[PDB]
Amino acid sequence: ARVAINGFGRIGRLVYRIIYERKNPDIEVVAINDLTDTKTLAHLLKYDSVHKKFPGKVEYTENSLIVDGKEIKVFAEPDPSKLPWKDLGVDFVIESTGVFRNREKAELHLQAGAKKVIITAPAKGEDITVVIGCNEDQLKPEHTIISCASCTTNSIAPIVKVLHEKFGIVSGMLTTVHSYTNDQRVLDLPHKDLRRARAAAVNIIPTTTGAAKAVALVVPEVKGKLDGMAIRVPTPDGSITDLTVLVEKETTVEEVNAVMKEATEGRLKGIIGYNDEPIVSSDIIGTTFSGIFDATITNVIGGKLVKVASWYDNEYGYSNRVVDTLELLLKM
């Protein structure tokens, strides 16, 4: 399968690295599109402020990138419809710019010639939002516009599902203490959200989270029961979802932790990790899990109010899931 990445930013670049690291024979990234030159994309791929140096040899010509001797065409076409997908024989497009999340816009890749599109964020009018650990068995070959939801949703949806199935979720609220992203501002600058307009590394910033409504999409049984928010803090990568749910059946920290441990060893293996050590955010950077269930934080008040917490590398854990979904598509 020939793959194309639209938007070689934080997610687009890490998705490429992961693909390069996996060495899957059936996945060939043939093109990369952004709004800049090959020199700049080469440099940004090579050096990373959070994730260290790219393992491979990176070179560039005026029109392409050369990674370990393989040439990848680079374009700077802000309009997806102008992209030579059809000509390049492009099968799947990873939509990671952040601006083409509506079905109408994403559809432009299919018009330009690609078969399926994966939007690396919550979407509007998509065929399906797939969160591995929740509903990847609903994906069908007829789905062309696919969404992988947000990082916070992947960090907690699989956990919400097991808690619901074991104790029954009545009401619930999550708060994600999240690192800043390129959607924020260095210093106070205009932005649609007046809080995200404020200096990123200087403030504790309450704002919104895609997880709020996305979880109900993958775990329908919980629709209308959960809500949430985000508090962006001065860390460049690494987050933690703090979930408080009112459950139906009585429990204990001991039991909640045991069911989770079971899950991470089984159905959730490699998706949700299990931790019982006093770790901090810098310790989870580079992990591939969608979330790491922190057993040292589990708490129950009155047998029914329970707090559970999930750590996650918002950039890396998520990109891994994007590549998994891409592999899912190789099976149809």
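Throughout, we count residues from 1 along the sequence that is shown.
Remark: stretch with higher mean C-alpha B factor among 8-16 and 21-29 is 21-29. In this entry, 76-84 has the higher mean Cα B-factor, the comparison being between 76-84 and 186-194.
Annotation for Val202, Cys134, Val177, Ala212: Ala212 ranks highest, by Cα B-factor. Note on the listed residues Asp242, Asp237, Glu95, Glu254: the highest Cα temperature factor in the record is that of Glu254. Per-chain ranking of the deposited C-alpha B factor places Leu139 in the highest third. When all modelled residues of the chain are sorted by CA temperature factor, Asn63 is found within the highest third. Sort the chain's modelled residues by C-alpha temperature factor and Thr264 lands in the highest third, per the entry. When all modelled residues of the chain are sorted by CA temperature factor, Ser171 is found within the highest third. In the PDB entry, a CA B factor belonging to the middle third of its chain's modelled residues is recorded for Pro122.
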